[PDB]
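Notes for the one structure printed next.
Neighbour counts run over all protein chains shown; Cβ positions are idealised from the backbone, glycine included. Please treat every number below as a calculation from the coordinates, not as lab data.
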Protein chains: 2
Amino acid sequence: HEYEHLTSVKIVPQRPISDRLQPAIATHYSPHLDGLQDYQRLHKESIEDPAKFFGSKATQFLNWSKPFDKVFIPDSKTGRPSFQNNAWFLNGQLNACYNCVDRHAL
Amino acid sequence: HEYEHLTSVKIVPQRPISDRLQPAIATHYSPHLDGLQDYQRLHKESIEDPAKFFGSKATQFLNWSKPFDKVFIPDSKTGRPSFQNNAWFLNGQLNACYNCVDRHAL
């Protein structure tokens, strides 16, 4: 059709890998997302309310010097983040080098 | 011997002083360390785990603008403080003048 050639392909499922794990993780390896169904529900949450999805991951994985007050600046017409006045983690402070090196080196 | 002359001396114990106290402290004076046995146990703790000994005194006697996260950077081979990368009270903030003057003047 209009791209019928390009898109007319078979879907390839992903096979589990256990036999390529190195001893370092062989005893505890587990994927961060369990399946498509978690992607789907998590994605939904990420779009519908970023305030919680990013809000939490932002403090769980980054080491802040000063906590932030607002996850994002909303668009007046909708609860989604604004393009023109895009800003996140307002009023917090964070040093990239700290998170990249010192956090682990120490 | 090898310094037998120099070191061959009598030990002089310290005598209590109460009769040289001024009225200002005469009613409440008490030494900060009670005896050699406290020196000995406290010293032991100071060497074995500085994290607590200095860690606490650091916040009890200095007025911090921002609390610190780490008492010190350890030596990879031992729990003691590193000479080459010596640093203490990491990530806190402290103004020396504040502690020297304003803290008391106010």
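Tabulated values for the structure
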| read-out | value |
| --- | --- |
| Residues located in the range B:87-106, provided they are away from chain A (no Cβ under 14 Å) and either under 22 Å from A:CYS97 (Cα atoms) or not in a helix (DSSP H, G or I) (or both) | B:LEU94, B:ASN95, B:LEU106 |
| Qualifying residue in the range B:61-75 (condition: more than 12 Å from the chain's Cα centre (by Cα), among the aliphatic types (A, V, I, L, M), within 14 Å of another protein chain (Cβ to nearest Cβ) and assigned to a loop (DSSP other than H, G, I, E, B)) | yes |
| Of residues in the range B:26-37 being of a type in the set (S, T, N, Q) and either in contact (Cβ under 8 Å) with a residue 60 or more places away in the chain or part of a loop (DSSP other than H, G, I, E, B) (or both), the one nearest to B:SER82 (Cα to Cα) | B:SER30 |
| Where A:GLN84 falls short, out of the listed (1) of a type in the set (S, T, N, Q); (2) under 19 Å from the mean Cα position of the chain (by Cα); (3) not in a helix (DSSP H, G or I) | (2) |
| Residue that is farthest from A:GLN93 (Cα to Cα) [pool: residues in the range A:48-75 that are of a type in the set (A, V, I, L, M, F, W, C) and touching a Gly at 6+ places or on another chain (Cβ under 7 Å)] | A:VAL71 |
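Residue by residue, here is whether (1) surrounded by 10 or more Cβ atoms within 10 Å (Cβ to Cβ); (2) in a helix (DSSP H, G or I); (3) touching a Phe, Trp or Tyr at 6+ places or on another chain (Cβ under 8 Å); (4) small (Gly, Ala, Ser) holds:
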| residue | (1), (2), (3), (4) |
| --- | --- |
| B:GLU2 | no, no, no, no |
| B:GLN14 | no, no, no, no |
| B:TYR39 | yes, yes, no, no |
| B:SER46 | yes, yes, yes, yes |
| B:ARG80 | yes, no, no, no |
